[PDB]
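Protein chains in written order, with full-length UniProt numbering: chain V, 16 to 264, 277 to 385; chain U, 6 to 281, 286 to 359, 379 to 409; chain E, 1084 to 1242, 1271. Yeah, the Cβ is synthetic: ideal placement off N, Cα and C, and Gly gets one too. Structure, as structure tokens:
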Amino acid sequence: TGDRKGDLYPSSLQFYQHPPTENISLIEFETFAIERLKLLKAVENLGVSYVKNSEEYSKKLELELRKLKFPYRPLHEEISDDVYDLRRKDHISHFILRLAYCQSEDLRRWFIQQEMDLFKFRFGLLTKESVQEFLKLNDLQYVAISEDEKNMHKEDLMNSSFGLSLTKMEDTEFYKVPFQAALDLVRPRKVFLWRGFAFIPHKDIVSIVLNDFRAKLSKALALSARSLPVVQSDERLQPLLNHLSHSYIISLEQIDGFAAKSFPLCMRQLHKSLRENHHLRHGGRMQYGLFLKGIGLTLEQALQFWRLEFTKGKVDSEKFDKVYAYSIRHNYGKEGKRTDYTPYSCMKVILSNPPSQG
Amino acid sequence: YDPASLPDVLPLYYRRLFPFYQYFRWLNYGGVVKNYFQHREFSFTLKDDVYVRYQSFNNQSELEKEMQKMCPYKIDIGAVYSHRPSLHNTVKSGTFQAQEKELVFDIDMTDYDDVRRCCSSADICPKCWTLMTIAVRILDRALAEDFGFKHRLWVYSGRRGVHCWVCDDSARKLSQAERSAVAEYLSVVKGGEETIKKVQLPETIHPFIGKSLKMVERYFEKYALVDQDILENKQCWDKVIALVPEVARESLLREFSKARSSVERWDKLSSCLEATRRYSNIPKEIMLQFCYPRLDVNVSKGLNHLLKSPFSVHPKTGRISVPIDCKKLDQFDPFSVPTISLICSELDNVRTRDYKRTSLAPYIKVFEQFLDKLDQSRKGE
Amino acid sequence: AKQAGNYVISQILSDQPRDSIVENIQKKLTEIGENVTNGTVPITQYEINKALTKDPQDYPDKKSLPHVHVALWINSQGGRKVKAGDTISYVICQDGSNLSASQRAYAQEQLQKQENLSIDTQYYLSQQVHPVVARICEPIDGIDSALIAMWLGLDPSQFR
RNA sequence: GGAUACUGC
DNA sequence: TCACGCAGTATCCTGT
Ligand code: SF4
Ligand SMILES: [Mg+2]
Ligand SMILES: [Zn+2]
């Protein structure tokens, strides 16, 4: 606590509930944003490459946190100025990234996932004392049943949960729920009821903490997306936030090629007409869509191809999503009866709707 | 008691004995919720078995009037609906829904017939009533400890058994699924007349089952070994032998040929089972099959269920459906319960205090204490 | 949905500063979301009304067309029949059938009666409120489909 | 391609 | 025995 510090950052881990109120510099803003983007990308890469419980995951994540200077380990010394600085970093950077990662549902999900992962890791590095401190500072009030009450009903809990060993039970913490929510458990008598509350089992505690965290974070992201117009007017922060996600820290094209050789003459004619006029009557649309589904063009790929081909036909871009998107989805059994419609057979094509002029 | 005398006595009782004030206090639940008493369903059974439902009333005066006018033989209380039942014809289809009702249990001696030896069908005697005495303790304890229901009124059914009304506000808002869950949690003896072994406990005894067995044990020696004498002769102890694995059956039979008292036979059976370990719970399964309450899940599952009203008159025994004090349960005697004829003789032997001069008074007192507790809970909350 | 849109219009056509307008809109939408999630909205507000051009039987899509389905059910019941020109009111509910919304229509009374049918909150928040509001907010700067969905509790993913 | 709705002016 | 015109937006489906 050198010059302008306080009790604003008691513990390392936090739920990121209260937005920062300070006036920071543009350079600090950019540095914090990029640094936390690096941290989250490292988290994502390590999660893809390794199992999150693996020791390699822990070692690499600790190395990244040390390299970028983020709080990851506790310190039973006091709130040293340096430590304070680090925590401040974390707190501001998080919210900055919120502003960056609230525009699109995809982005939101990504952000949430990475944040949860990081939080889990940090919890995994908390000593029991520190853990309790955290659980108190946020009014979580887990002693979730207390330890004393657990000892009070030790035998009842032991006989309630199937296949729970004495010591293993000592290593587990239960939760108190109104019995109206545990119907499926109470009905076959696999959870103890006391005074209208069931004692439901979950290492597991982190899970509950994370659940709470996730709830909060989702809500926050929604609110941020609701408060976006106020930020877009700040040109200084627009290039960063609008593009942070893209910050450095079968193919459609080959379809034409296939049309040269592999496509049967029917599909060759349809493709030639499509590229000549960028529009097909209903029969052609159905036939060609089913064929491109057959070759393997995925729903996203087919949607992209049809969008690009039709947009050149002097029609509104929104019109495509309004009209033809449902047809494209249906060909892949996505809507309606939701049936994986098979590609037309030659017998059907011969005996299907007879083509006419145009 | 002469049932041809029923039509003579019913009016007087409904005029000068039926406790309407406390009845309205009960079903009105302190007026907190508007239209609560006004949306309650009643049903009446009149002379010559004429049944009417969707009866609702505006207040105590209307109820007293229409009841004294109809003189029904049976009164059943039903659910509290979304609208007044009297106007159910006026409510648009699908918009007439049962919304709240007490959680109720019906325990009927007839359901114990395959396991009692003193009586059968609708006959009861002092030797079998202990079963009800067990049930009330086994169930009510659960309802007070596992579920936390605080306002529980136990009522004699008039002949074959007892009803329980659980009236906590939480218990009145329970959905159908929650009610079915509660019933299944409390229910152990599962099966019909075609099954012999109706209890199969797992290796782990759920605390509830442990506490039910603890309650059973206190009474078991008197009920089963002294009174019922479930091991009196071969025709009966063959059943209990039929309830245990064949391996020791022969070993038991010879032993049962040398025992003079069923208490001795129980000691021998317990010793033999202990000697024989996964079967260490078999005696508990036998005790439960002879002592644990049987619950008709259909009675308690449905919200729209019409159950016998307290202070009704039993069409055959004439006894009054009187509340049972939980503390004095061990002293309860279903044969001393006032009949309608006795209380009309008492009435014609001497305004709002007439019932205090009959033998009905202590039961109305228990009901008044229960309603006082409900009022305290409504206020304190 | 209609009411929601009306509120939005009252906010858009007023003289309040645009930012405040947007804020208010958000608030209202969130309120609606909560009112749906807790099931507090009156059942009467969940009804959709549609008229029949032909008799119930003439339609060859008795399954795909919801209102027709409801009409058929009514004609199967023991009351006055519904004929061409008679409007029918239906609600979309959940039954565990895992079918498309168009096949899950039900008469309001039926919902109040059966113990397996519950209002399909999701649907009403996803295809009734959100579309309308979006189409009312298209030319207004600061409000886009995504945002609206977010405010309702829906997933904003599928929306040199 | 088709089917079902109901607004406008 | 019947029944006003046309322009426009929104939603949904295509197995035997
Ligand atoms: S419909 Fe069949 S036979 Fe005719 S051109 Fe296409 S692949 Fe060949
Ligand atoms: Mg067209
Ligand atoms: Zn008996």
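Can you tell me which of the options puts its alpha carbon nearest to the alpha carbon of residue i?
i	options	result
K20 (chain V)	V:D100, V:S344, V:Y65, V:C117	V:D100
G1225 (chain E)	V:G340, V:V245, V:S180	V:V245
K70 (chain U)	U:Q102, U:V96, U:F25	U:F25
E208 (chain U)	V:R241, V:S175, V:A213	V:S175
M296 (chain U)	U:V55, U:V193, U:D305	U:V193
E237 (chain U)	U:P250, U:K202, U:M220, U:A264	U:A264
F225 (chain U)	U:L158, U:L136, U:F152, U:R259	U:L136
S1240 (chain E)	V:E45, V:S119, V:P381	V:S119
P12 (chain U)	U:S61, U:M75, U:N33	U:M75
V58 (chain V)	V:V221, V:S27, V:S26, V:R137	V:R137
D339 (chain U)	U:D7, U:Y78, U:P131, U:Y56	U:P131
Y19 (chain U)	U:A389, U:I143, U:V322, U:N307	U:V322
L255 (chain V)	V:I42, V:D343, V:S344	V:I42
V245 (chain U)	U:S275, U:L316, U:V308	U:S275
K39 (chain U)	U:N64, U:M72, U:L206	U:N64
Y371 (chain V)	V:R302, V:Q32, V:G316	V:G316
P1149 (chain E)	E:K1164, E:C1176, E:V1124, E:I1095	E:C1176
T200 (chain U)	U:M114, U:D272, U:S266, U:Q298	U:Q298
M313 (chain V)	V:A230, V:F85, V:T369	V:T369
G310 (chain V)	V:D96, V:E303, V:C293	V:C293
At a cut-off of 7 Å, would you count residue i as near ligand 3, judging by its Cβ distance to the nearest heavy atom?
i	result
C133 (chain U)	yes
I129 (chain U)	yes
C300 (chain U)	no
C124 (chain U)	yes
Please look up how many angstroms separate the CB atoms of residue i and residue j, rounded, as I've assumed it's under 8 Å.
i	j	result
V63 (chain V)	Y72 (chain V)	Contact doesn't hold; Cβ gap of about 11 Å is too wide.
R165 (chain U)	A140 (chain U)	Not confirmed; about 13 Å, so no contact.
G99 (chain U)	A1190 (chain E)	7 Å
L1112 (chain E)	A240 (chain V)	Not a contact, Cβ separation roughly 12 Å.
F332 (chain V)	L279 (chain V)	5 Å
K310 (chain U)	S185 (chain U)	5 Å
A48 (chain V)	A115 (chain V)	7 Å
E188 (chain V)	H217 (chain V)	7 Å
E1198 (chain E)	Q181 (chain U)	6 Å
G340 (chain V)	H305 (chain V)	4 Å
Is residue i close to ligand 1? I mean its beta-carbon at under 7 Å from any heavy atom of the ligand.
i	result
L319 (chain V)	no
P291 (chain V)	yes
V1151 (chain E)	no
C1176 (chain E)	no
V376 (chain V)	yes
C373 (chain V)	yes
Beta-carbon within less than 6 Å of residue i's beta-carbon, same chain only, minus the 5 sequence neighbours each way: which residues are those?
i	result
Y190 (chain V)	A159, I215
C300 (chain U)	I139, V221
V249 (chain U)	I291
residue 285 (chain U)	Absent from the coordinates is residue 285 (chain U), which sits in the stretch where chain U moves from 281 straight to 286.
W1234 (chain E)	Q1109, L1112, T1113
Counting only the same chain and skipping the five closest in sequence on each side, list residues whose C-beta sits under 7 Å from that of residue i.
i	result
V346 (chain U)	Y161, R328, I329, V331
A389 (chain U)	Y383
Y59 (chain U)	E46, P90, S91, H93
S1209 (chain E)	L1237
Between which residues of its own chain and residue i is the CB-CB distance below 8 Å, once the five residues before and five after are set aside?
i	result
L112 (chain V)	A48, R51, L52, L55, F126, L259
What are the start and end residues of each continuous beta strand (DSSP E) run of 3 or more residues lying completely inside the region 1148-1192 of chain E, in chain order?
1171-1177
Alpha helix (DSSP H) segments (min. 4 residues) lying fully within the region 11-99 of chain U
11-21, 25-33, 65-75
At 3 residues or longer, and completely inside the region 204-242 of chain V: list those beta strand (DSSP E) runs for me, N to C.
Whole beta strand (DSSP E) segments, 3+ residues: 212-215.
Which parts of the region 205-263 of chain U are runs of the alpha helix (DSSP H), unbroken and 4 residues or longer, counting only runs that do not cross its ends?
The DSSP assignment places complete alpha helix (DSSP H) segments of no fewer than 4 residues inside the region 205-263 of chain U at 212-225, 239-247, 251-262, in order along the chain.
I'd like the ranges of any alpha helix (DSSP H) spanning at least 4 consecutive residues and lying wholly in the region 173-206 of chain V.
Restricted to the region 173-206 of chain V, the alpha helix (DSSP H) segments that are unbroken, complete and at least 4 residues in length are 181-185, 198-201, listed in chain order.
Unbroken stretches of the alpha helix (DSSP H), 4 residues or longer, contained in the region 305-372 of chain V:
309-322, 326-338, 344-358
So within the region 1098-1137 of chain E, which uninterrupted beta strand (DSSP E) runs reach at least 3 residues, ignoring any that extend past its ends?
1131-1133
Output the residue ranges of the alpha helix (DSSP H) runs that lie fully inside the region 43-125 of chain V and measure 4 residues or longer, sorted by chain position.
70-83, 96-115
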